[PDB]
file coords-v8.cif (mmCIF, C-alpha atoms)
data_model
#
loop_
_atom_site.label_atom_id
_atom_site.label_comp_id
_atom_site.auth_asym_id
_atom_site.auth_seq_id
_atom_site.Cartn_x
_atom_site.Cartn_y
_atom_site.Cartn_z
CA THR A 200 69.07 143.97 121.00
CA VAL A 201 66.06 142.83 118.96
CA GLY A 202 64.22 145.25 116.70
CA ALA A 203 65.47 147.69 114.08
CA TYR A 204 68.88 149.30 114.46
CA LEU A 205 70.30 152.56 113.13
CA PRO A 206 74.10 152.58 113.03
CA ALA A 207 75.85 155.71 114.20
CA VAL A 208 77.88 157.93 111.88
CA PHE A 209 81.10 156.24 112.98
CA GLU A 210 79.70 152.71 113.19
CA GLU A 211 79.28 150.50 110.15
CA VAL A 212 77.24 147.35 109.64
CA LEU A 213 79.16 144.25 108.56
CA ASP A 214 76.87 141.20 108.72
CA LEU A 215 74.18 139.39 110.69
CA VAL A 216 75.28 136.44 112.84
CA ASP A 217 72.68 133.95 114.06
CA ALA A 218 73.03 131.62 117.02
CA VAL A 219 74.10 127.99 116.89
CA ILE A 220 71.47 125.72 118.40
CA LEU A 221 72.77 123.16 120.91
CA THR A 222 71.13 119.86 121.85
CA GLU A 223 71.96 116.79 123.90
CA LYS A 224 73.65 115.19 120.90
CA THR A 225 75.83 118.16 119.95
CA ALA A 226 78.52 120.53 121.16
CA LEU A 227 80.36 123.52 119.74
CA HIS A 228 84.13 123.70 119.31
CA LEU A 229 85.48 127.22 119.81
CA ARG A 230 88.97 128.75 119.66
CA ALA A 231 90.05 132.07 121.15
CA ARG A 232 90.96 134.81 118.68
CA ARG A 233 92.51 136.80 121.53
CA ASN A 234 92.39 136.96 125.31
CA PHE A 235 88.89 137.66 126.57
CA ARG A 236 86.01 136.67 128.85
CA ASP A 237 83.04 134.58 127.78
CA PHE A 238 79.45 134.49 128.99
CA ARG A 239 80.21 131.95 131.72
CA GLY A 240 82.66 134.53 133.04
CA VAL A 241 85.54 132.11 132.46
CA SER A 242 88.76 133.63 131.14
CA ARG A 243 90.11 132.56 127.75
CA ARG A 244 93.71 132.92 126.59
CA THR A 245 94.77 133.24 122.97
CA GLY A 246 94.61 129.97 121.08
CA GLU A 247 93.12 127.68 123.71
CA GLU A 248 90.09 125.58 122.86
CA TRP A 249 86.99 124.36 124.64
CA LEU A 250 83.50 123.00 124.08
CA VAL A 251 80.11 124.62 124.75
CA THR A 252 77.35 122.16 125.64
CA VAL A 253 73.57 122.38 125.90
CA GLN A 254 74.09 122.60 129.65
CA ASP A 255 75.70 125.98 128.98
CA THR A 256 73.17 127.51 126.57
CA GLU A 257 70.62 126.28 124.07
CA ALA A 258 71.54 129.05 121.64
CA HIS A 259 75.03 130.48 121.37
CA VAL A 260 76.15 133.22 119.03
CA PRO A 261 79.89 133.09 118.28
CA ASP A 262 81.58 136.13 119.80
CA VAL A 263 84.04 138.31 117.88
CA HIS A 264 86.83 136.82 120.02
CA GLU A 265 85.96 133.21 119.13
CA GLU A 266 86.45 130.85 116.21
CA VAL A 267 84.01 128.10 115.26
CA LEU A 268 86.14 125.04 114.56
CA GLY A 269 83.12 122.79 114.18
CA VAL A 270 80.24 120.88 115.70
CA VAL A 271 81.04 117.82 117.81
CA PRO A 272 78.63 114.88 117.51
CA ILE A 273 78.31 112.96 120.76
CA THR A 274 79.99 109.59 121.29
CA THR A 275 77.65 107.05 122.84
CA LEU A 276 78.76 103.71 124.26
CA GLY A 277 76.21 100.97 124.86
CA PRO A 278 76.48 98.42 127.67
CA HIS A 279 78.24 96.08 125.22
CA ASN A 280 80.62 98.76 123.92
CA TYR A 281 83.87 100.29 125.07
CA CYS A 282 86.47 102.60 123.57
CA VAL A 283 89.99 103.82 124.22
CA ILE A 284 90.73 107.55 124.30
CA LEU A 285 94.09 108.79 123.02
CA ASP A 286 95.62 111.79 124.84
CA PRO A 287 92.87 112.10 127.47
CA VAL A 288 92.29 115.37 129.29
CA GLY A 289 93.56 115.31 132.84
CA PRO A 290 92.41 117.02 136.03
CA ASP A 291 94.19 120.28 135.17
CA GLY A 292 92.45 120.51 131.79
CA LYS A 293 95.45 119.50 129.66
CA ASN A 294 95.63 116.68 127.16
CA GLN A 295 97.84 114.01 128.70
CA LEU A 296 100.03 113.32 125.70
CA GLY A 297 101.09 109.77 124.91
CA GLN A 298 98.67 108.37 127.47
CA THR B 200 99.71 149.97 121.16
CA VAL B 201 96.37 148.98 119.61
CA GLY B 202 94.37 151.46 117.57
CA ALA B 203 95.37 153.75 114.71
CA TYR B 204 98.88 155.15 114.54
CA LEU B 205 100.29 158.28 112.92
CA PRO B 206 104.03 158.06 112.26
CA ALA B 207 106.11 161.10 113.07
CA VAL B 208 107.91 163.13 110.40
CA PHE B 209 111.15 161.26 111.08
CA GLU B 210 109.59 157.83 111.61
CA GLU B 211 108.60 155.59 108.74
CA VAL B 212 106.32 152.56 108.63
CA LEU B 213 107.88 149.32 107.38
CA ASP B 214 105.45 146.43 107.97
CA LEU B 215 102.98 144.83 110.37
CA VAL B 216 104.20 141.88 112.43
CA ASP B 217 101.67 139.59 114.10
CA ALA B 218 102.31 137.31 117.05
CA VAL B 219 103.13 133.62 116.89
CA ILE B 220 100.62 131.55 118.84
CA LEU B 221 102.12 128.98 121.21
CA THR B 222 100.44 125.81 122.49
CA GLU B 223 101.38 122.74 124.50
CA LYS B 224 102.52 120.97 121.33
CA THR B 225 104.70 123.77 119.98
CA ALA B 226 107.68 126.00 120.71
CA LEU B 227 109.47 128.82 118.95
CA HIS B 228 113.14 128.75 117.97
CA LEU B 229 114.75 132.19 118.15
CA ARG B 230 118.26 133.49 117.46
CA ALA B 231 119.75 136.77 118.66
CA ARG B 232 120.45 139.40 115.99
CA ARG B 233 122.51 141.35 118.52
CA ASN B 234 122.96 141.60 122.27
CA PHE B 235 119.72 142.55 124.01
CA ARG B 236 117.16 141.81 126.71
CA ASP B 237 113.95 139.88 126.14
CA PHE B 238 110.57 140.04 127.87
CA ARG B 239 111.57 137.53 130.54
CA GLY B 240 114.33 139.98 131.40
CA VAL B 241 116.95 137.37 130.49
CA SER B 242 120.03 138.65 128.68
CA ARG B 243 120.80 137.41 125.17
CA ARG B 244 124.21 137.52 123.48
CA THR B 245 124.74 137.68 119.74
CA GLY B 246 124.11 134.39 118.00
CA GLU B 247 122.89 132.26 120.89
CA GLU B 248 119.65 130.34 120.55
CA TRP B 249 116.78 129.36 122.80
CA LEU B 250 113.17 128.21 122.80
CA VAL B 251 110.02 130.06 123.90
CA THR B 252 107.28 127.80 125.26
CA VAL B 253 103.60 128.26 126.06
CA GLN B 254 104.67 128.54 129.69
CA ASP B 255 106.36 131.80 128.68
CA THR B 256 103.60 133.42 126.61
CA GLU B 257 100.64 132.30 124.54
CA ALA B 258 101.37 134.95 121.92
CA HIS B 259 104.85 136.15 121.10
CA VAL B 260 105.78 138.76 118.54
CA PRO B 261 109.36 138.37 117.26
CA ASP B 262 111.43 141.33 118.41
CA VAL B 263 113.70 143.30 116.09
CA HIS B 264 116.68 141.69 117.85
CA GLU B 265 115.48 138.12 117.22
CA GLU B 266 115.39 135.67 114.33
CA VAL B 267 112.69 133.05 113.84
CA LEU B 268 114.50 129.85 112.94
CA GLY B 269 111.33 127.79 113.07
CA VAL B 270 108.60 126.10 115.06
CA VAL B 271 109.52 123.05 117.13
CA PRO B 272 106.91 120.26 117.27
CA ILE B 273 106.96 118.44 120.59
CA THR B 274 108.50 114.99 120.99
CA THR B 275 106.26 112.64 122.95
CA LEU B 276 107.37 109.27 124.30
CA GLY B 277 104.78 106.72 125.34
CA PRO B 278 105.30 104.22 128.17
CA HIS B 279 106.54 101.72 125.57
CA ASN B 280 108.86 104.21 123.85
CA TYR B 281 112.33 105.55 124.47
CA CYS B 282 114.81 107.65 122.53
CA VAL B 283 118.46 108.66 122.63
CA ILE B 284 119.43 112.35 122.47
CA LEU B 285 122.63 113.34 120.68
CA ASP B 286 124.58 116.28 122.16
CA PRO B 287 122.27 116.82 125.15
CA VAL B 288 122.16 120.16 126.93
CA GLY B 289 123.93 120.10 130.26
CA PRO B 290 123.36 121.96 133.52
CA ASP B 291 125.19 125.08 132.31
CA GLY B 292 122.99 125.34 129.21
CA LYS B 293 125.58 124.09 126.71
CA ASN B 294 125.22 121.21 124.30
CA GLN B 295 127.47 118.44 125.59
CA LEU B 296 129.16 117.54 122.33
CA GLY B 297 129.87 113.91 121.51
CA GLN B 298 127.77 112.73 124.44
CA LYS B 299 124.31 111.16 124.50
CA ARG B 300 121.41 110.59 126.87
CA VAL B 301 118.83 107.79 126.92
CA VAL B 302 115.40 109.25 127.61
CA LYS B 303 112.80 106.62 128.48
CA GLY B 304 109.17 106.28 129.64
CA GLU B 305 106.08 108.21 128.72
CA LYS B 306 107.35 111.74 128.52
CA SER B 307 106.98 114.91 126.51
CA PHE B 308 109.75 117.40 125.89
CA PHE B 309 111.11 119.74 123.25
CA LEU B 310 114.38 119.07 121.49
CA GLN B 311 116.39 122.14 122.44
CA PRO B 312 118.73 123.81 119.92
CA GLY B 313 121.63 121.57 119.04
CA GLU B 314 120.08 118.44 120.52
CA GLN B 315 119.06 115.65 118.18
CA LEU B 316 117.48 112.20 118.17
CA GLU B 317 119.61 109.27 117.07
CA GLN B 318 117.07 106.85 115.58
CA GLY B 319 113.76 108.61 116.16
CA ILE B 320 111.25 107.22 118.60
CA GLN B 321 112.01 103.63 119.57
CA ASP B 322 110.42 100.61 121.20
CA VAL B 323 111.32 99.21 124.60
CA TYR B 324 112.32 95.52 124.65
CA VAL B 325 109.70 93.35 126.36
CA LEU B 326 111.01 89.82 126.83
CA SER B 327 108.99 86.71 127.47
CA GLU B 328 110.35 83.93 129.62
CA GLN B 329 111.39 82.07 126.46
CA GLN B 330 113.42 85.03 125.11
CA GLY B 331 116.79 86.59 125.87
CA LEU B 332 119.33 89.14 124.70
CA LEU B 333 123.11 88.90 124.41
CA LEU B 334 124.56 92.20 125.61
CA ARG B 335 128.02 93.70 125.06
CA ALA B 336 129.75 96.34 127.15
CA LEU B 337 131.46 99.16 125.25
CA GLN B 338 132.88 100.95 128.33
CA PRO B 339 133.25 99.59 131.88
CA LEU B 340 129.85 99.82 133.48
CA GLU B 341 127.53 98.52 136.16
CA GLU B 342 123.94 97.81 135.11
CA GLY B 343 121.46 98.74 137.82
CA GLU B 344 118.16 96.86 137.89
CA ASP B 345 118.20 95.34 141.40
CA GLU B 346 120.58 95.12 144.36
CA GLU B 347 122.71 92.94 142.06
CA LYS B 348 124.09 95.87 140.09
CA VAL B 349 126.83 93.83 138.43
CA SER B 350 129.98 95.40 137.02
CA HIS B 351 131.15 94.58 133.49
CA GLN B 352 134.33 95.37 131.58
CA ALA B 353 134.88 97.06 128.25
CA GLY B 354 134.62 93.90 126.21
CA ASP B 355 132.26 91.61 128.07
CA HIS B 356 129.26 89.64 126.92
CA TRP B 357 126.36 88.46 129.05
CA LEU B 358 122.86 87.13 128.47
CA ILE B 359 119.79 88.83 129.93
CA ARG B 360 116.72 86.62 130.22
CA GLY B 361 113.29 86.61 131.71
CA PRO B 362 109.94 88.28 131.62
CA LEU B 363 111.02 91.92 131.75
CA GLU B 364 111.37 95.21 129.90
CA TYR B 365 114.79 96.46 128.81
CA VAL B 366 116.11 99.70 127.32
CA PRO B 367 119.74 99.63 126.17
CA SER B 368 122.15 101.77 128.12
CA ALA B 369 124.30 104.30 126.29
CA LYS B 370 127.33 102.06 126.75
CA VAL B 371 125.73 98.66 126.00
CA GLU B 372 125.16 96.97 122.65
CA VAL B 373 122.48 94.42 121.82
CA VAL B 374 124.16 91.85 119.59
CA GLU B 375 121.56 89.10 119.40
CA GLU B 376 118.17 87.75 120.45
CA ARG B 377 117.88 84.18 121.72
CA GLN B 378 115.07 81.69 122.27
CA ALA B 379 115.04 78.84 124.74
CA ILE B 380 115.12 75.56 122.82
CA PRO B 381 112.29 73.20 123.86
CA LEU B 382 113.45 69.69 124.76
CA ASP B 383 111.49 66.71 126.01
CA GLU B 384 112.91 64.27 128.53
CA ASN B 385 115.29 61.95 126.66
CA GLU B 386 116.05 64.53 123.96
CA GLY B 387 118.87 66.98 123.62
CA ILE B 388 121.48 69.00 121.78
CA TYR B 389 125.27 69.27 121.86
CA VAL B 390 126.58 72.63 123.10
CA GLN B 391 130.14 73.93 122.95
CA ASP B 392 131.60 76.30 125.53
CA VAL B 393 133.81 78.34 123.20
CA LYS B 394 135.47 79.98 126.20
CA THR B 395 136.81 76.73 127.61
CA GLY B 396 136.52 74.64 124.42
CA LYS B 397 134.48 71.74 125.83
CA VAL C 349 96.91 89.00 140.72
CA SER C 350 100.13 90.80 139.82
CA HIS C 351 101.84 90.16 136.49
CA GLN C 352 105.20 91.20 135.08
CA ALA C 353 106.12 93.03 131.91
CA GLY C 354 106.36 89.93 129.77
CA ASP C 355 103.91 87.44 131.22
CA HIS C 356 101.24 85.34 129.60
CA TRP C 357 98.15 83.92 131.25
CA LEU C 358 94.86 82.41 130.14
CA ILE C 359 91.51 83.87 131.16
CA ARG C 360 88.57 81.47 130.95
CA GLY C 361 84.97 81.21 131.92
CA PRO C 362 81.57 82.69 131.38
CA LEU C 363 82.38 86.38 131.76
CA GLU C 364 82.79 89.74 130.05
CA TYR C 365 86.25 91.23 129.51
CA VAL C 366 87.56 94.58 128.31
CA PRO C 367 91.32 94.77 127.70
CA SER C 368 93.27 96.98 130.02
CA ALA C 369 95.50 99.69 128.59
CA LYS C 370 98.57 97.62 129.44
CA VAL C 371 97.31 94.16 128.38
CA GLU C 372 97.35 92.55 124.94
CA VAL C 373 94.98 89.87 123.67
CA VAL C 374 97.12 87.48 121.65
CA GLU C 375 94.76 84.59 121.02
CA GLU C 376 91.35 83.01 121.53
CA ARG C 377 91.11 79.38 122.65
CA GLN C 378 88.41 76.71 122.73
CA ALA C 379 88.20 73.79 125.10
CA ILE C 380 88.77 70.59 123.14
CA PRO C 381 85.97 68.03 123.70
CA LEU C 382 87.20 64.57 124.67
CA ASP C 383 85.28 61.44 125.55
CA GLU C 384 86.47 59.01 128.19
CA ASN C 385 89.24 56.90 126.63
CA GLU C 386 90.22 59.60 124.14
CA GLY C 387 92.90 62.23 124.28
CA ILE C 388 95.61 64.45 122.89
CA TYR C 389 99.33 64.94 123.53
CA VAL C 390 100.23 68.33 125.02
CA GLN C 391 103.68 69.85 125.43
CA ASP C 392 104.60 72.22 128.25
CA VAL C 393 106.99 74.45 126.32
CA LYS C 394 108.09 76.09 129.56
CA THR C 395 109.42 72.88 131.07
CA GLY C 396 109.73 70.89 127.83
CA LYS C 397 107.69 67.83 128.86
#
call {"tool": "encode", "arguments": {"input": "coords-v8.cif", "output": "structure tokens"}}
result
Amino acid sequence: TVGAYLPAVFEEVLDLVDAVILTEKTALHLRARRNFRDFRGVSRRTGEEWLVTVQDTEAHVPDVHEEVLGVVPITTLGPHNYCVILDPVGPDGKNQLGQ
Amino acid sequence: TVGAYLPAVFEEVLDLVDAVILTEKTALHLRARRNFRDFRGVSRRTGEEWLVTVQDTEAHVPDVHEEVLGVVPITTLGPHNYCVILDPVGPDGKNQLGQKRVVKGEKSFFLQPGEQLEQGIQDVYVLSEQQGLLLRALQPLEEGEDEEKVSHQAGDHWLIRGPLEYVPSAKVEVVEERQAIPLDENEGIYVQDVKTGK
Amino acid sequence: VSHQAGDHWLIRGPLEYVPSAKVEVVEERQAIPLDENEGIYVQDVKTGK
């Protein structure tokens, strides 16, 4: 909630946390602190990692159950460019190791 | 239980113990302090060892009846890699001592307790048509690559040639690599058949 | 065309190639220009000639 906030007697203020702004050329690498649910409603187990894109939100504030591992600059290939991906992610969402 | 905890008069606090986080590239090597039951419900005798994977739990806290021997990084083989495992674990869950197993292809597994790799990760032999290998049988065997699964005896030699990919068996030794010798018409070399003398 | 785990083969022409994941580029070649009544000696190392 936006405005001015009075903490309760039992609550204490720790710090302000501002959103990370997402664009077409950027994504956000997050790790689960514990098991929880995120704003997409998708369930997150301890330790597993994912990316949040600008198709998810334009501004994301890291939850208390999330860890910001870093910002992922996009990889663009031109019509004269290719690449090879090591350990690609498969259909089930796992890295396919050694592939 | 999460929250804040008051110990009883007879209880005392010793220390906080946080979970170990498990992933696809990691396992946890535990030893039994005593006989007990773990969270899978599987029974554990004193001293025996096992691994906990991310298919068991994503967070495991070591029990009071367990010992953390260490964290096991996964062993991944690519489609050009093989390995040989020393003292593999058999069907009954025991290390098969003095035995070995050749594990080939792109695969990922954890070295269980007691198992071991002989020479690390290794490279499969890809042979051109101008390249061959002289193979030696250590035990009597029968190499299976086609319908011509030929039997050999415990001291044989034989050459394998062609465009193909070979991994040594557990009872075969590579002794040499050979190259075809290029020769034009009206050109040659003298060969001896040391078996027959000629 | 099917190939086996140790083959070689030359790809030529005006075209655009990306290597597969199970193919290795080992060399680049150029056609050798030759006028009529001019030449070079080639060996077929497979057959020897």
call {"tool": "atom_distance", "arguments": {"input": "coords-v8.cif", "atom1": "CA of residue 218 in chain B", "atom2": "CA of residue 257 in chain B"}}
result
9.2 Å
call {"tool": "resolve_selection", "arguments": {"input": "coords-v8.cif", "expression": "the PyMOL selection byres ((chain A) within 8 of (chain B))", "output": "PyMOL selection string"}}
result
chain A and resi 244-247+296-298
call {"tool": "residues_around", "arguments": {"input": "coords-v8.cif", "residues": "range 388-393 of chain C", "least_positions_apart": "5", "cutoff": "12 Å", "atoms": "only C-alpha atoms", "output": "number ranges by chain"}}
result
B: 328-329, 378-384; C: 380-383
call {"tool": "atom_distance", "arguments": {"input": "coords-v8.cif", "atom1": "CA of residue 234 in chain B", "atom2": "CA of residue 246 in chain B"}}
result
8.5 Å
call {"tool": "closest_atom_pairs", "arguments": {"input": "coords-v8.cif", "of": "chain C", "to": "chain A", "cutoff": "12 Å", "atoms": "all atoms listed in the file", "output": "Markdown table"}}
result
| residue | atom | partner | partner_atom | distance |
| --- | --- | --- | --- | --- |
| C:364 | CA | A:279 | CA | 9.2 |
| C:365 | CA | A:279 | CA | 10.3 |
| C:366 | CA | A:281 | CA | 7.5 |
| C:367 | CA | A:281 | CA | 9.6 |
| C:368 | CA | A:283 | CA | 9.5 |
| C:369 | CA | A:283 | CA | 8.2 |
| C:370 | CA | A:298 | CA | 10.9 |
call {"tool": "resolve_selection", "arguments": {"input": "coords-v8.cif", "expression": "the PyMOL selection byres ((chain C) within 8 of (chain B))", "output": "PyMOL selection string"}}
result
chain C and resi 352-355+393-397
call {"tool": "closest_residue", "arguments": {"input": "coords-v8.cif", "among": "A:287, A:209, A:266, A:294", "to": "residue 233 in chain A", "atoms": "only C-alpha atoms"}}
result
A:266
call {"tool": "resolve_selection", "arguments": {"input": "coords-v8.cif", "expression": "the PyMOL selection byres ((chain B and resi 217) around 10)", "output": "list in words"}}
result
residues 214, 215, 216, 218, 219, 220, 258, 259, 260 and 261 of chain B
call {"tool": "residues_around", "arguments": {"input": "coords-v8.cif", "residues": "residue 264 in chain A", "least_positions_apart": "2", "cutoff": "10 Å", "atoms": "all atoms listed in the file", "output": "number ranges by chain"}}
result
A: 229-237, 243, 245, 261-262, 266
call {"tool": "atom_distance", "arguments": {"input": "coords-v8.cif", "atom1": "CA of residue 375 in chain C", "atom2": "CA of residue 359 in chain C"}}
result
10.7 Å
call {"tool": "residues_near_point", "arguments": {"input": "coords-v8.cif", "point": "(124.8, 103.6, 127.7)", "cutoff": "10 Å", "atoms": "only C-alpha atoms", "output": "ChimeraX atom specification"}}
result
/B:283,299-301,336-338,340,342,366-372
call {"tool": "build_atoms", "arguments": {"input": "coords-v8.cif", "residues": "range 295-307 of chain B", "atoms": "N, CA and C atoms", "output": "PDB file, in the frame of the given file"}}
result
ATOM      1  N   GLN B 295     126.348 119.290 125.226  1.00  0.00           N
ATOM      2  CA  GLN B 295     127.470 118.440 125.590  1.00  0.00           C
ATOM      3  C   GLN B 295     127.849 117.625 124.362  1.00  0.00           C
ATOM      4  N   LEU B 296     128.855 118.096 123.636  1.00  0.00           N
ATOM      5  CA  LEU B 296     129.160 117.540 122.330  1.00  0.00           C
ATOM      6  C   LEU B 296     129.735 116.136 122.452  1.00  0.00           C
ATOM      7  N   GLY B 297     129.344 115.264 121.530  1.00  0.00           N
ATOM      8  CA  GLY B 297     129.870 113.910 121.510  1.00  0.00           C
ATOM      9  C   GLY B 297     129.401 113.023 122.638  1.00  0.00           C
ATOM     10  N   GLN B 298     128.390 113.486 123.361  1.00  0.00           N
ATOM     11  CA  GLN B 298     127.770 112.730 124.440  1.00  0.00           C
ATOM     12  C   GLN B 298     126.358 112.348 123.999  1.00  0.00           C
ATOM     13  N   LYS B 299     125.663 111.572 124.821  1.00  0.00           N
ATOM     14  CA  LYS B 299     124.310 111.160 124.500  1.00  0.00           C
ATOM     15  C   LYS B 299     123.573 110.754 125.763  1.00  0.00           C
ATOM     16  N   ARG B 300     122.252 110.876 125.721  1.00  0.00           N
ATOM     17  CA  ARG B 300     121.410 110.590 126.870  1.00  0.00           C
ATOM     18  C   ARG B 300     120.207 109.762 126.434  1.00  0.00           C
ATOM     19  N   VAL B 301     119.942 108.698 127.180  1.00  0.00           N
ATOM     20  CA  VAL B 301     118.830 107.790 126.920  1.00  0.00           C
ATOM     21  C   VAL B 301     117.640 108.270 127.716  1.00  0.00           C
ATOM     22  N   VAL B 302     116.619 108.732 127.008  1.00  0.00           N
ATOM     23  CA  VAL B 302     115.400 109.250 127.610  1.00  0.00           C
ATOM     24  C   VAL B 302     114.313 108.223 127.399  1.00  0.00           C
ATOM     25  N   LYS B 303     113.786 107.698 128.504  1.00  0.00           N
ATOM     26  CA  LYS B 303     112.800 106.620 128.480  1.00  0.00           C
ATOM     27  C   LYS B 303     111.501 106.953 129.235  1.00  0.00           C
ATOM     28  N   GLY B 304     110.464 106.156 128.990  1.00  0.00           N
ATOM     29  CA  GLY B 304     109.170 106.280 129.640  1.00  0.00           C
ATOM     30  C   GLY B 304     108.239 107.175 128.879  1.00  0.00           C
ATOM     31  N   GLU B 305     107.021 107.331 129.386  1.00  0.00           N
ATOM     32  CA  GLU B 305     106.080 108.210 128.720  1.00  0.00           C
ATOM     33  C   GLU B 305     106.511 109.581 129.171  1.00  0.00           C
ATOM     34  N   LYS B 306     106.894 110.407 128.213  1.00  0.00           N
ATOM     35  CA  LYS B 306     107.350 111.740 128.520  1.00  0.00           C
ATOM     36  C   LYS B 306     107.167 112.638 127.319  1.00  0.00           C
ATOM     37  N   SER B 307     107.117 113.935 127.571  1.00  0.00           N
ATOM     38  CA  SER B 307     106.980 114.910 126.510  1.00  0.00           C
ATOM     39  C   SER B 307     107.991 116.004 126.787  1.00  0.00           C
TER      40      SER B 307
END
